[PDB]
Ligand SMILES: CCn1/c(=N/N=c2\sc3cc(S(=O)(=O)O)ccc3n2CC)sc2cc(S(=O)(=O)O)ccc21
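For reference, the chain that follows is the form solved without this ligand, supplied as structure tokens.
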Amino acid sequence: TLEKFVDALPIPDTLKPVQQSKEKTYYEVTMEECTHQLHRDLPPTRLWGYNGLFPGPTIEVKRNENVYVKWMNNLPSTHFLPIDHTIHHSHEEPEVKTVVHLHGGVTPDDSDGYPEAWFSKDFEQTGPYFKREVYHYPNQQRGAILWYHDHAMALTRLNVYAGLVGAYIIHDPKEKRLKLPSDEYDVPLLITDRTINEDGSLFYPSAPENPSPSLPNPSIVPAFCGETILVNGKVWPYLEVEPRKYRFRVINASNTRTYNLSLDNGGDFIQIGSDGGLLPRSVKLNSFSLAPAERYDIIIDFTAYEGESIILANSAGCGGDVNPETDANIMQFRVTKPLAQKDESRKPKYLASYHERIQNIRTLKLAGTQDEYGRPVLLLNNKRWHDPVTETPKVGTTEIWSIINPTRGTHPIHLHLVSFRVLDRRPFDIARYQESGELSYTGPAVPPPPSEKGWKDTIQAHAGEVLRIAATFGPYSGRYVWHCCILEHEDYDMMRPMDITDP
């Protein structure tokens, strides 16, 4: 095992445009086999990286900036992580397929990275919903932390684990007057748990434990928990900071793992933002939950802690209780950087402003059948991906989605295109719902905590609760998706199409 806090936190560079005008910013990003050392004491690791980087370069845009990214694939024809060929059914398609989803993007459908819009190297082969090489991101939306990652059908868990993640920030100039910490004092933190072999190579399980020899090989697993935690591509790093306010864009880019984060001296975060942008009012927190694909925009105020080492800790376990010596640790702040200037940043209470009729109320169930080989298959509302679309909201209208979770565990559910408000959660009789299909509540409705009073696009639906959210669908119409963000679930098969229609 590996010494904690011996490597500096990398901060990914900001991508430079290939061409740029008042009217159009044009970027190129090529997926490439690359080599990077993840820890002082590990041989370098072979990974897949956007422009040869892990994590991918940070992309920074203004609200309404007219952006194009040509996402290209220049990867090997053959994968280096275990492909389970039995999970989706078929001329022969390439083994390695990729497509980039801008998670949180208010995006035209053919630029949203639909799982069947995939492509292989140089776009030689393309999936049946592919339309275009150069994706278009108009960024007509709230300033926020987005992130980009692969979304290829049956492969998402693999392609992401391989290293295909990156941050995308939307800056709204109108927010500049809040004087939030910025520039060097505004730092994204992409958290990814990994398991790494002694020779430096990524370990990803090629079967669950106790593989009955009937079971395919490789076989998909229903969950992955990495032995090590990385932030921005380094195992358990440290970051030297100035004793002053910092903003952090915290992103869970892990396959399965949920984090429950705190500072080991009992100190407080200030949440200024959720997936969908600034909260209306800032919230003071001692801890916070962070499931796959969630994003918390926070301030940590180091002013009074000059000289100190503060650990960003985690108490959520993955497949067992946290281990204090390993996954209980995320990174270490060292407040030893001299101030480069006066800290003019603020941490205001007042951040943003907070009339619509309900067109429809979709009731949706989270549940799993079981396959030929005994393995669990997780399904949204009893459907497989390939079944005729059923979630078909009307452009311009508002729906309430009530998501019922009678499973053993939490699912972070994500809708593309939209961000949405959270209404409440409410517990119910699980046995009763499974026996009869009948829903009896065992307690009142609970509103969201303040963290979740703003806009969200990825939301934890806890076991034995009904969660209700509300979304207005637009401004674009077309074919999108919704799904669980635990990638091991997403790929088998907790993802469905979502058509937003127009007369």
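Residues carry their position along the shown sequence, with the first being 1.
Unshown form solved in complex with this ligand; subsequent notes refer to it.
Residue 222 belongs to the set of residues with a heavy atom inside 4.5 Å of this ligand in the deposited complex.
Put simply, residue 192 is far from this ligand in the deposited complex: not one heavy atom of it is within 4.5 Å. Residue contact check for residue 82: none of its heavy atoms lie within 4.5 Å of this ligand in the deposited complex. This ligand in the deposited complex comes within 4.5 Å of a heavy atom belonging to residue 319.
Remark: of stretches 230-238, 375-383, 179-187, 340-348, the one touching this ligand in the deposited complex is 375-383 (heavy atom within 4.5 Å). The contact residue chosen from 314, 252, 107, 256 relative to this ligand in the deposited complex is 256, the criterion being a non-hydrogen atom within 4.5 angstroms.
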